[PDB]
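Chemist:
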Amino acid sequence: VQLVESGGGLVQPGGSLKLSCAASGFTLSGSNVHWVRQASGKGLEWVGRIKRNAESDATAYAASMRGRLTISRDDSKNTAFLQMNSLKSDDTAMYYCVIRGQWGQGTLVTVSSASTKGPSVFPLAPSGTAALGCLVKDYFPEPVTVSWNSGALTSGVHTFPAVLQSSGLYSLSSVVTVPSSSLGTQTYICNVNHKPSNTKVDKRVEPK
Amino acid sequence: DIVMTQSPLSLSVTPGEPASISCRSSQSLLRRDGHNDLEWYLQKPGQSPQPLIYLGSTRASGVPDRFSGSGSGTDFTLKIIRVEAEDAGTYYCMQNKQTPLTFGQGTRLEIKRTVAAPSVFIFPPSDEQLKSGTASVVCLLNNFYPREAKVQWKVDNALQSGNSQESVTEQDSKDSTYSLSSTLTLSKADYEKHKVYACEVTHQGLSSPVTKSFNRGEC
């Protein structure tokens, strides 16, 4: 029924990461577990798999990752694992757990020698239709999540792809178009979350 | 490895009209049962890929009959009978005959819609950012079509070159438009030295370029 994926994040080049794929409403052992990767703005690449218990937990691994992967299953925890060693910058991608015999939301793996940095959150103050937003500046690595009014404001929201600045730090803007008549009365709060640095910010955006 | 070839790599279809995506396999995917070891996926913006077709022609649960997978052996076709706005994204074919599982390059489906001019908004740096020692000027181009748009920054009529970065959202699943954010970075001392901050926008939906500006400190 549900898939929890973790163990990703920032790792220095030459480092190791152990991805976890926890199943909820079913037994993983009866299913084949695959891992598929996707580098930002690129296609799909199969990484490896582990066949169901009946099929002797048989493992196969992508040649591009040869001798660097170890796929397992902890049946007592109902969880699959992808151990990846000697990671290079080319391994930076979204890694998805794929149940065969559903696709998870994935976990981002960033192979960089840069340090984690929490963002600065600045309001994009308004002034028929008005626009307002939040500028989420100087953070590393990706991702950052942005919601408006704890998820109660979704219409007209545009959260932009982050841009990597010359400093090697990311920056993104999140905006909402709202009725200008609502400006003095309705409260607008952007909810920022940068999990890598444990930076959570609730910023009220006011007209002046 | 089995090589998966997709044709075309991108297309623009208006809602109500059909779309066809071809997939070529390097080796036959035909099974003994008459089916094929070929699947179709859709990846919508910000989402993981979702299954459309399995076994060459079998629809995944909750996929409407608008979508069909056809073909056998090495040649496959994904057809969308009538394209909806929600269909915007990247389509991939995938063989599951053997490991390594292989995918086609991906086909980006653009939903063609009427020309829509952007609504333009300029934002000065916040007081809190200036307090922190930096200055970012943001320019918003909201809900436009087609994707081609040009933004030109001017500071006291000086053309800004190389001190701005931009990012565009992917096609909207409901209204089929794009949005763009452009950020002008300057030092706090350069920001304080100048008065007029203008963002000039060029787009097909605009008969003339639109300028949105502000004067630092209201005047």
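These protein sequences, in sequence, are chains B and A.
Counted the way PDB author numbering counts, the first sequence spans residues 2 to 102, 108 to 133, 140 to 220.
PDB author numbering puts the first residue of the second sequence at 1, with every later residue one more than the last.
We treat Cβ as the ideally placed atom computed from N, Cα and C, and that holds for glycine.
(1) Given a threshold of 16 other Cβ atoms within 10 Å of its Cβ, counted over all protein chains shown, does B/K212 qualify as buried or as exposed?
(2) Have a look at A/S61 and A/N96 and give me their C-alpha separation to the nearest angstrom.
(3) With 9 Å as the C-beta to C-beta threshold (strictly closer), list the residues of the segment 137-152 of chain A near chain B in chain order.
(4) Determine the DSSP secondary structure at B/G163, reduced to helix, strand or coil.
(5) I need the DSSP call for A/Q98, collapsed to helix, strand or coil.
(6) Can you list, in chain order, the stretches of the beta strand (DSSP E) that have 3 or more residues and sit fully within the segment 84-152 of chain A?
(7) Tell me, please, whether the segment 70-85 of chain A touches the segment 3-19 of chain A by the rule of three or more beta-carbon pairs shorter than 8 Å.
(8) Within 8 Å of any Cβ in chain A, is that where the Cβ of B/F172 sits?
(9) A/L38 and B/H35 - do their beta-carbons sit closer together than 8 Å?
(10) Compile a chain-ordered list of the residues in the segment 25-42 of chain B whose CB is closer than 8 Å to at least one CB of chain A.
(11) So which residues of chain B does A/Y54 contact, with C-beta pairs closer than 7 Å?
(12) For a contact meaning CB atoms closer than 8 Å, what does B/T141 contact in chain A?
(13) Listed from N- to C-terminal order along the chain, which residues in the segment 76-93 of chain A have their beta-carbon within a distance smaller than 7 Å of any beta-carbon of chain B?
(14) Once DSSP output is grouped into helix, strand and coil, what is the label at B/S192?
(15) What's the C-alpha gap between B/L147 and B/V127?
(16) Which same chain residues end up closer than 7 Å to A/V63 when comparing Cβ atoms and leaving out the 5 residues on each side of it in sequence?
(17) Can the beta-carbon of A/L141 be found less than 8 Å from the beta-carbon of A/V120?
(18) From A/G106 to A/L42, what does the alpha carbon distance come to, in whole angstroms?
(19) Kindly list, in the order they appear in chain A, the residues whose Cβ is closer than 7 Å to that of B/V175.
Modeler: Considering the structure as presented:
(1) exposed
(2) 19 Å
(3) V138, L140, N142, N143
(4) helix
(5) coil
(6) 89-95, 107-111, 119-123, 134-144
(7) yes
(8) yes
(9) no
(10) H35, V37
(11) Per Cβ cutoff of 7 Å: no residues; A/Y54 is ~10 Å from chain B at best.
(12) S119
(13) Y92
(14) helix
(15) 6 Å
(16) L52
(17) yes
(18) 9 Å
(19) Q165, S167
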